[PDB]
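In the block that follows, a single chain appears as structure tokens, in the form deposited without glucoimidazole.
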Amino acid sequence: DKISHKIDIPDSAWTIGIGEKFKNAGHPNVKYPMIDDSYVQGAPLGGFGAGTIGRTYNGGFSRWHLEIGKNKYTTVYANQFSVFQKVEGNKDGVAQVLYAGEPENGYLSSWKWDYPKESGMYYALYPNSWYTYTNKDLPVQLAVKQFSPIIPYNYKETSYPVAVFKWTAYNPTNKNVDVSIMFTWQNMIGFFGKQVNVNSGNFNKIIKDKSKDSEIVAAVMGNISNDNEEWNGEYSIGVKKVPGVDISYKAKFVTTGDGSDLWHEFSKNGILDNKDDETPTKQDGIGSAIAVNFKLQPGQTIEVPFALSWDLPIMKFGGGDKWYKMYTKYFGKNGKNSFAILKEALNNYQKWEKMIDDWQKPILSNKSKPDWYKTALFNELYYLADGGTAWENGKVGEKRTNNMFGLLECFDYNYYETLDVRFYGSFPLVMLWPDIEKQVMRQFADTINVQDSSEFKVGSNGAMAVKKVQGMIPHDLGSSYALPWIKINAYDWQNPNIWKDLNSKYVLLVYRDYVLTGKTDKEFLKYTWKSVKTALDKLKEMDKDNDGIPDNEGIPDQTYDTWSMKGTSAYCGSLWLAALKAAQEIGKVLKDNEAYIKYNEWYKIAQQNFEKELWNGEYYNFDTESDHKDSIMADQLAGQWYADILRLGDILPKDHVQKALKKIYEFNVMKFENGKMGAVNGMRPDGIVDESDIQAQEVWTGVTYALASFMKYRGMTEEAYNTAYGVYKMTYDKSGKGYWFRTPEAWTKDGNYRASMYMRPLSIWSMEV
């Protein structure tokens, strides 16, 4: 490996061998069907709300999130980079697809598949990833840096449906070598959203944009239809000329054939036919190819950028609504703009690289933090783009001021912005994209007094319940299978209108969003204030025994939606205390004296009773009335965690908080698989995992990262990082279970998982507060 020196890969990048087999991989631990796409994954490409494309460490474009809200894992084999090399003085060169695998059937059989093992590495530090190619049969060593412009405090480039592939080629040998790099791409119009005739009318065109010191050559792969539908638009691939390279192309090869129409050209001398052909296809799949060829002298390096763009302007949800995607604000809505997007990338990628470096640098340059922590912190952010993210720029046929946004809980549980989860998972948004965060919270504020008296069948018990109750915050803002933003509370396993955490978490998120954006946005507090008061007032009505605290009802009436709480719980009770303290402070800021007095009175009573009911001398009991009420819960003091972040001070005595956190580390972490797998949710005081429900026996990745941040704030530095380390290890390490780029909600002691690609572990960003 002599190429690594010619590029700049951070030491904290996650790494794996190209073609590596992983032997320890986890699988779902539930009875019902659940997504398991394998460990062959990678950092995604694509902006927020753009649809994303997961290119895996083996080189394949395989995890398709272009249909917003859906996860489709299938390798489109025509989509590749390939290389040709010929040493000066040799009769023949060699050509090789840079993919560690081969197609299942006979399509593209002429191409040279099966990129060999131990011949290159993949690296990832989201939003960047890299591949190096160090192959005994490729005298010139190659590397590519690939990325989308995901940039904090930037809502423009961050939305773009584009990727850049910046290639570096170096000749360490003593002979001249001819090199070609070729990008192939299938015209994927019809891959989704088209009910019949999936390739029909697809056609490919070549664009040559020649100006002074810029030549771009690109293929635009579209359809003859000018219809405005979810399925129609354009893909583009292309390259920018640099000194010392020539560009060749082929407008049309057949992907549903043996591929030799293209490969016989590339494998001879690495130069394509430059054959334009706009003939539309009928049944056959078609694709395009863009190549560069150059001669490298001994010791010479060259850099050349390619790009990919996709202009699919319309997203459709299962309930029928069609919306424009955010990037259409910048490029237009007609679906004929892929070249414009590509050109912007090819002309500006160096600036984008610097913008990414500028935001990563403060963390990367901090030598007090271990590299593993940086690996997780950056790579968990994959989910912000990869989570079925929807960001609208108008309803089709509809102009508002704001652009509604939603991130999925996950794909198995296809719900937008699940509030009990975003309480943990939304830290990157408030910290790095606060305008999006505030928009989402205003969306929630708008739902507070919505009433929907129609009934649904509750999954857990088969009872009928009212869909949406006035004054109760919704569980979620809908499903991609139905009507995001329009039909809320898609979730139906439990009735969230009687949950005892959502209303408090809502208030805490509001005040958080004020505090973490500088305590200056009084207009945001003003917008949400009525909803905050309503939410707390409705929750107070659920206090049955008049101890000042809402009563859990001996069912799973909160985020642990199969783990029953009864009476006063540490979890909901502490969230309540913190929410009251937050509302007091908002009342002071907004000069709402009567609110300040009321919530102060409720707080003083509830705080006294919380402490009396639950403090046992070592920790806070799980609750007052359940069978295992004395279980040690990892999340027992969630309200105090948020109070720390919100600078609300002590809602519970410092000494008792410290004792509880030490107990949690001693038990829920260190007595669970020797502290190497995170914090298990429930442990009995005898040091055995609480078996009352599956959720008690799970580690929740986002709960654990949040607990680590709580420990960190409280000066328990070793415990905090040791706690977090087990989550990093399980996710990323050779000794873990292979969950990179699909961090799950949960695992059990055997390492097997529930709900891959999950929002909650974004809470790792709470460690950066």
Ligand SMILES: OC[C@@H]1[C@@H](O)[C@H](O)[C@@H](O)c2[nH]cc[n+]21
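Throughout, we count residues from 1 along the sequence that is shown.
The protein also exists as the form solved in complex with glucoimidazole; that form is not presented, and the subsequent description refers to it.
Segment assignment from 573 to 581, 621 to 629, 437 to 445, 406 to 414: heavy atom within 4.5 Å of glucoimidazole in the bound PDB entry: One stretch meets the cut-off, namely 406 to 414.
Contact flag, residue 613 vs glucoimidazole in the bound PDB entry, heavy atom cut 4.5 Å: No, residue 613 stays farther than 4.5 Å from glucoimidazole in the bound PDB entry.
Non-hydrogen atom contact residue 753 with glucoimidazole in the bound PDB entry at 4.5 angstroms: So residue 753 does not count as contacting glucoimidazole.
Exercise: residue 14 in contact with glucoimidazole in the bound PDB entry, heavy atom 4.5 Å: Output for residue 14 is no: heavy atoms all beyond 4.5 Å of glucoimidazole.
Contact test in the bound PDB entry: residue 185 vs glucoimidazole, heavy atoms, 4.5 Å: Outside the cut-off, so no.
Heavy atom distance at most 4.5 Å to glucoimidazole in the bound PDB entry, all of 491, 499 and 561: Spot residues vs glucoimidazole: full contact, yes.
Contact residue in the bound PDB entry, chosen from 420, 513, 690, 585 - any heavy atom within 4.5 Å of glucoimidazole: It is 420 that has a heavy atom within 4.5 Å of the partner.
Stretch 666 to 696 - residues with a heavy atom within 4.5 Å of glucoimidazole in the bound PDB entry: Heavy-atom contacts within 4.5 Å come from 695 alone.
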